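Before any questions on how it binds or moves, here is one chain, the form deposited in one PDB entry, in structure tokens.
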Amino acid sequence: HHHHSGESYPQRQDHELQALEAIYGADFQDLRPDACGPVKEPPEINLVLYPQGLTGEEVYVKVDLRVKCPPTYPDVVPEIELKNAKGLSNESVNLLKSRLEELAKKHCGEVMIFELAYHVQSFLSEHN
């Protein structure tokens, strides 16, 4: 009745955060403060995302992907927010948020932030 990997929800979430930091690096940020105790707060991360395959150093379209993973993630959808949108209209931001929440529902059962991030990168490329 448990996931085939045999890992708990915190281990699956912690492994995804390590994977996100390895690929995105400085564009990834764990917004949780350094806890002096043994309790780990639910992960809240920020991903600065650019159009797919962006080159150079001059950006025109970008947005920050704010993801808060509840304890039952990824068996439940995470809290998705879009911040610091640049070069996007209000209708395009609402559309992207609706598509991400729709993607998150179909992605339940597996960690999904990598798929949400690529969906944003592909979306930004279509509006660039």
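Just so we're on the same page, rigid core means the largest C-alpha set that superposes within 1.5 Å between forms. The numbering used is simple: start at 1 and walk along the sequence shown.
This protein has a second form, the form deposited in another entry, left out of what is shown; the following refers to that one.
- Following superposition on the rigid core between this form and the one not shown, the residue from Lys68, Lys86, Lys83, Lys40 with a C-alpha displacement of 2 angstroms or more is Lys40, and no other.
- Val59: CA moves 2 Å or more between this form and the one not shown after rigid-core fitting.
- In the other entry, the CA atoms of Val59 and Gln18 move apart by 3 angstroms or more relative to this form.
- By 3 Å or more, the C-alpha separation between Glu57 and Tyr24 grows in the other entry relative to the form shown here.
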